[PDB]
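Asks: based on what follows, work out the 3D shape:
(one chain, ligands or ions: 1)
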Amino acid sequence: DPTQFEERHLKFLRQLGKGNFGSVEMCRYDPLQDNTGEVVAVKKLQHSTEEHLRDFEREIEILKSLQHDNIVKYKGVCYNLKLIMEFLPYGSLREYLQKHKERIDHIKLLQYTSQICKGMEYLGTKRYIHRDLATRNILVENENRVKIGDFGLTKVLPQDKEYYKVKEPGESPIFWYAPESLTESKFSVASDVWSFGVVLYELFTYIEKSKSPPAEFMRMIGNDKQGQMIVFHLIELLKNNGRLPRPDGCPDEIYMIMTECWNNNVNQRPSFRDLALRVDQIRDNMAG
Ligand SMILES: N#CCC(=O)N1CCC[C@@H](n2cnc3cnc4[nH]ccc4c32)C1
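Replies: Numbers count the residues shown, from 1 in each chain. Sure, the structure comes next:
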């Protein structure tokens, strides 16, 4: 029923991103062919396996079930299955921050952080595990609002368990992964909290390249480090309390929140509700 979009009326404008077996394009949906249609974002499989099709169908059903100010809006589907979403004109929070860092102060990062926590808490409410929290997957709707913007790796918890075990082919964002995701392939609300700690780290480094999680972890492990052993060495590092450093300029109270997200003890990480509470309290206090 979703105002199904006809493919012939979708006009390609440019690519927005890639995965991951996915890609997102900016298109103009122009059914009257008079150049008055709205611009939308279109996600499609970059190589349409039938297994990837199944995952994509599931991704679509997930986004469709989500309605929240901080979750990118589902608009419909076009079928060659394509997912149609609203286009957020500021693009990803990653690129936004890279290009506007002199305009975006700490209070503003905490506003975004708070919105990300609210979005994630809403997911947890549906027993959805995001599994890929990272600033390149957060979108900027306007200067005052961000949204979680991709759900390609999102899973629903089994009914009887608080974690979902999954091992995917090819490449993982290991430098955002909780220890138990690396060692046991276990993903849970708590591993999303671990990765949220890494998102907060990213925000406060202002996406400085030499400071990215991969660069810092690689540097702590040693870049004689030869790729298969990398995960093994990363595991050992985390187990011995190796951690991303406090970013330049970051207050101790904000770093403390990161470090608490990065607890090896899965059950000792903060909830997203407590995170929002704490972040909002630091905001109110930075007011004056
Ligand atoms: N496949 C895939 C990932 C991808 O292409 N991304 C990551 C998630 C955000 C994507 N993106 C980049 N700029 C965007 C603007 N609006 C968007 N609406 C939905 C997605 C979306 C936008 C890019």
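Asks: use CA for all of it now, contacts and neighbours both
Replies: OK.
Asks: can you report how many residues neighbour the closest residue to the ligand within the stretch 151-288 of the chain?
Replies: Closest approach between the stretch 151-288 of the chain and the ligand, counting by Cα to the nearest ligand atom: residue 152, at 7.3 Å. Neighbour count of residue 152, defined by other Cα atoms under 10 Å: 21.
Asks: for the residue lying closest to it once chain neighbours are set aside, grab the count of nearby residues.
Replies: Counting by Cα to Cα, 6 or more residues apart in numbering, the nearest residue to residue 152 once its immediate chain neighbours are dropped is residue 59, at 6.1 Å. Close neighbours of residue 59, defined as other Cα under 10 Å, add up to 18.
Asks: so the residue of the stretch 151-288 of the chain closest to the ligand, which state does it fall into?
Replies: coil (DSSP: H, G, I helix; E, B strand; the rest coil).
Asks: quickly list what whichever residue of the chain sits closest to the ligand is bridged to.
Replies: Closest residue of the chain to the ligand, Cα to the nearest ligand atom: residue 17 (2.9 Å). Going by DSSP bridges, residue 17 is paired in beta bridges with residue 24.
Asks: same deal with residue 145?
Replies: Counting by DSSP bridges, the residues bridging with residue 145 are residue 142.
Asks: now the one helix or strand residue 83 maps to, how far from the centre of its chain.
Replies: Element membership for residue 83, per DSSP states H and E: strand 82-86. Counting by Cα atoms, centre = their mean, to the nearest Å, strand 82-86 is centred 17 Å from the centre of its parent chain.
Asks: next: stretch 172-182.
Replies: Distance, stretch centre to chain centre, for stretch 172-182: 13 Å (Cα atoms, centre = their mean).
Asks: how long is it end to end?
Replies: By Cα to Cα, to the nearest Å, the extent of stretch 172-182 from end to end equals 10 Å.
Asks: what's it in contact with?
Replies: Outside stretch 172-182, the residues within contact range by Cα atoms under 8 Å, 6 or more residues apart in numbering are 132-134, 186-187, 191, 194-195, 198, 213-214, 217, 231, 235, 238-239, 262, 264.
Asks: near the ligand, which residues of this protein?
Replies: Contact residues (Cα under 6 Å from any ligand atom) of the chain with the ligand: 16-19, 22-24, 41, 85-89, 91-92, 136-137, 149-150.
Asks: give me the buried subset of those residues.
Replies: Using 16 or more other Cα atoms under 10 Å as the burial test, the residues of the chain next to the ligand include 16, 22-24, 41, 85-88, 91-92, 136-137, 149-150 as buried.
Asks: show me the contacts for residue 104.
Replies: Residues in contact with residue 104 (Cα under 8 Å, 6+ apart) are residue 97.
Asks: helix, strand or coil for it?
Replies: coil.
Asks: how near is it to residue 166?
Replies: 37 Å.
Asks: try residue 205
Replies: For residue 205, the distance to residue 166 - Cα to Cα - is 31 Å.
Asks: so for these two, which residue has more residues nearby?
Replies: The neighbour count for residue 205 versus residue 166, taken as other Cα under 10 Å, is higher for residue 205 (22 against 11).
Asks: hang on, the earlier thing: residue contacts, the residue of the stretch 151-288 of the chain closest to the ligand?
Replies: So residue 152 contacts 20, 22, 56, 59 (Cα under 8 Å, 6+ apart).
Asks: looking at those residues, which are in helices?
Replies: 56, 59 (DSSP state H).
Asks: quick one: which of the contacts of residue 152 is nearest residue 6?
Replies: Of all these, residue 6 sits closest to residue 56, with 18.8 Å by Cα to Cα.
Asks: what about the helices in the stretch 151-288 of the chain?
Replies: Assigned by DSSP state H, counting those that start in this stretch, the stretch 151-288 of the chain shows helices spanning 179-184, 189-204, 213-221, 227-239, 252-261, 272-286.
Asks: identify the residues contacting residue 37.
Replies: Contacts of residue 37 by Cα under 8 Å, 6+ apart are 28-31.
Asks: quick one on the thing from earlier: which parts of the first helix or strand past the strand holding residue 83 going along the chain are buried?
Replies: Next in sequence after strand 82-86, counting helices and strands by DSSP H and E, comes helix 93-100. Buried residues in helix 93-100, counted by 16+ other Cα under 10 Å: 93-97.
Asks: in JSON lines: those, plus distance to residue 277.
Replies: Below are those laid out as JSON lines (distance: Cα to Cα, whole Å):
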{"residue": "93", "distance to residue 277": "22"}
{"residue": "94", "distance to residue 277": "24"}
{"residue": "95", "distance to residue 277": "27"}
{"residue": "96", "distance to residue 277": "25"}
{"residue": "97", "distance to residue 277": "24"}
